[PDB]
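Laid out below as structure tokens are two forms of one and the same protein chain, each shown alone and named structure 1 and structure 2.
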Structure 1
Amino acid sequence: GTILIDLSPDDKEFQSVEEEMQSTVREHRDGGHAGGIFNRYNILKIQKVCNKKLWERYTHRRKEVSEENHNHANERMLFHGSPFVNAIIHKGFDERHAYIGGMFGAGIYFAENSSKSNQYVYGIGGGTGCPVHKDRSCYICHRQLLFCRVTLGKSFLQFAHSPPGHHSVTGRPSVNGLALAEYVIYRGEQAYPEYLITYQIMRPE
């Protein structure tokens, strides 16, 4: 029951998402083995997701978390990359498909940095890469990330479910020497995929 709203490149909504996409790119210390080598993206499409039923599922849970956290939902816009993006925009987020082998338990992981979620679009650690060329650093095939609303509530700083009294877990693991933040929820209701971003990484040369 979802419909997608095509945003024009000359739109403030489009540009803020585009900006947050480009500005949050980091220089991963794994030589781009996971997500590929790039500085910026070639942003092809940014579609806003509309689903009243899933939005009501979210705002309902958001209110519940606010009450449990001194009326502070701790709402944040975060990126999510996975091969199941197109399933999520219709069925919503679902903890029953959570990353079981995750560092912070079976949950739904997000990131501050767009480039960090990019490492998970084709699978954990990039998987085998794109379906056609089997290249984790493919500059041809289009990729898709979600730019979601995320109710963190009272987040627990660590280093399955949420620890007691909390609603999410915030980490900052140092992969290959660089520390970047992570965010995990253990209930799909605490996230709404607001924007679907179709893009591709640019060959830096």
Structure 2
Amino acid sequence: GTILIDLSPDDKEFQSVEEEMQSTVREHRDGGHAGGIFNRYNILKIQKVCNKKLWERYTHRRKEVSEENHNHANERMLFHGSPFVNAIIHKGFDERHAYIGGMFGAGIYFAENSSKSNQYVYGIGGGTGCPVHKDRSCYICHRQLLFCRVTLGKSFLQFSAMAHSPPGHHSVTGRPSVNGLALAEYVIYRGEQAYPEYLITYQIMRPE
């Protein structure tokens, strides 16, 4: 049921999404081990992901959450990188897309920082890198990220140095307490609380 619609680079929708992508690159404590060494991306394509059934599933859940949290779904747009991006855009998020050993338990992880999601495009810790060159810092192979609509509801705040939501909460907010320049990461425990709205195809760029 999924169809992908190409946005034109001249479209302001493309531009606002590219700007979120580029502006949220940061340095990582691994020096680029997992995701590569870059300060910016070459964006190749931005597609809108259209799936009626996955959208209605998302909105039905969003309304329930909102009703449990003073009419506030606490909806964000957040990045997600995963080797399962093609399954996600066709079938939706589910338990198979959870990070079982994640620091906030077994849920689905999202990032404010695009470069943080980029670390997971080829697997946990970057896996073995790009399929073609086995290079976690490949400047040639095309990567994909999702920019997702995510319902957080009442989010448990965990300051930081498929399972269930903590009782009374709809998600977890991992807030970096040590690196004051890292943005938050978020965990949801039901796939119905995220819709994979934009599929972004890109390359990381070698610093000049």
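Each form is matched to the other, and the largest set of C-alpha atoms that superpose within 1.5 Å is called the rigid core. Residues that one form lacks are left out of the comparison. Quick note, the numbers are simply positions in structure 1, starting from 1.
Among the residues 60, 142, 45, 172, the single one whose Cα moves by at least 2 Å between structures 1 and 2, once the core is superposed, is 172. With both forms fitted on their core, the C-alpha atom of residue 96 sits 4.0 Å from where it sits in the other form; this compares the forms between structures 1 and 2.
For residue 29, the CA shift between structures 1 and 2 after superposing the rigid core equals 2.3 Å. Listed in sequence order, the shifted runs between structures 1 and 2 are 95-97, 172-180, counting only residues present in both forms whose C-alphas move 2 Å or more over at least three consecutive positions once the core is aligned.
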